[PDB]
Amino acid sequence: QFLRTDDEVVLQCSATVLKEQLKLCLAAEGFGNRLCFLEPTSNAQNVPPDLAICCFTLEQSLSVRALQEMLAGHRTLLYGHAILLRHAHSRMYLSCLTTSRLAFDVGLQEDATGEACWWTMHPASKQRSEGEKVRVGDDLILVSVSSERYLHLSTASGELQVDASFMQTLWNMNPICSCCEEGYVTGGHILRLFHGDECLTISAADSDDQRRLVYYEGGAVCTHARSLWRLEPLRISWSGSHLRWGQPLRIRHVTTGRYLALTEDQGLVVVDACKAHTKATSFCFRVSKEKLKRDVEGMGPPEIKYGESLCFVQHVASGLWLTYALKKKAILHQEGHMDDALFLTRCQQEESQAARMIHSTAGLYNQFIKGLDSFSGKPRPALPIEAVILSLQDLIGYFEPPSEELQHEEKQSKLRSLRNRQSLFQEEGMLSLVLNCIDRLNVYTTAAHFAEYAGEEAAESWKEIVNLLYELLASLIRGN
């Protein structure tokens, strides 16, 4: 019950809305948007929150003298210590920026250099004092080392934001996962479900089923992003704890961001987050199909292990089994089949990171296209110019080939990674998506012609965006 280094945590805070208390977590994307925002968690039962981009890892915890000395294993956090928080997804570091939305902005930093990415911990009442072990559940105050300001929740002008202000905000460092038993399935893990080879998946990009149906498919899918799922149990705290037979959970598709569900209309499908309520979205792993405890504040008993555990998947509300009707459709059925038992294989981080990058990129460029069609016919919804420019720039660096000066053995390995990272993006329809943005923009002869249908301000980035889109297209194609 004490926070240590290399622990996954979220930074939670409280706010009152419509005479009711709402809990909010510190979230950031990194790629495309460095700025931090707040993800509400109170409404979890109706709408699953976007937890993946909330998870932070406690890298280091140092005394004021040690941090000054560095600038010149599972260690416990003490009050007065300065911490380095690493974003799980982006691999970037939580830092105090130099821009203002007299207060700075809070966001992510490419590399942990200087004092900007360090935050000191301080007791929130008389119950804790400098040098005491920081306990799980404690309220705390966080101070930016670079600016000497508080990690602060803002209520201006009419929305909830984060910044570095002279006003104080109480923060809870709720633990996600601690040391876990090696080879066991925990929450927030990204994996594949195997049958018998065959794995659970949705159809390829631009398919006729609108990506809403679920299939058992073999061949190349086992190495594609469309087959990856994130297990999300119904608890914000200790969601990263060992999964247990019978424990309810949501199964989220990574690239599409949709949730495995049972529908009165269509049956077993995949559903939008805003329509993913508990009754429809809750599944569990069963040891068998027989007729058939109390949730714990910890990692709990390790029950399900990767590869070795054969699991039956059940829908909780209906008690229906996950079965089938080489590509066969996945259905929910009362009796199912004697061979319904799946096994689970953990997906490694490079593939896992890429799948999420696809999700964020798809949604952003789809917003950019939708905004273009709105004024396509109409001459004279703000376009995400800033985010698109940064997204493009980030992915160009992501796909950038190795330096020619690097050693042959290291070059080859780096080439193989780049190729596979490209392959994942390609198989998720990224080329068409980049192309669709180019065609829409090319409808215009010059930037001024574009300014006749869009803001002159928007037109000021027209040539930049179009060059960056072509540059990405080249980087996605290059064979390496």
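Sequential numbering from 1, following the sequence displayed.
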item: Residue 274 to residue 275: deposited residues without atomic coordinates; value: none
item: Unmodelled deposited residues between residue 72 and residue 73, binned; value: 10 or more
item: 333-341 set against 82-90, stretch whose average Cα temperature factor tops the other in the entry; value: 82-90
item: 145-153 or 211-219, whichever carries the higher mean Cα B-factor; value: 145-153
item: Largest Cα B-factor, entry values, listed residues 260, 296, 390, 316; value: 296
item: Top Cα B factor in the deposited entry, candidates 113, 361, 203, 256; value: 113
item: Third of chain Cα B-factors occupied by residue 425; value: lowest
item: B-factor third for the C-alpha atom of residue 238 within its chain; value: middle
item: Assigned third (lowest, middle, highest) for the C-alpha B factor of residue 439; value: middle
item: Residue 1 - which third its CA temperature factor falls in, relative to the rest of the chain; value: highest
item: Position of residue 353 among the chain's modelled residues by C-alpha B-factor, lowest, middle or highest third; value: lowest
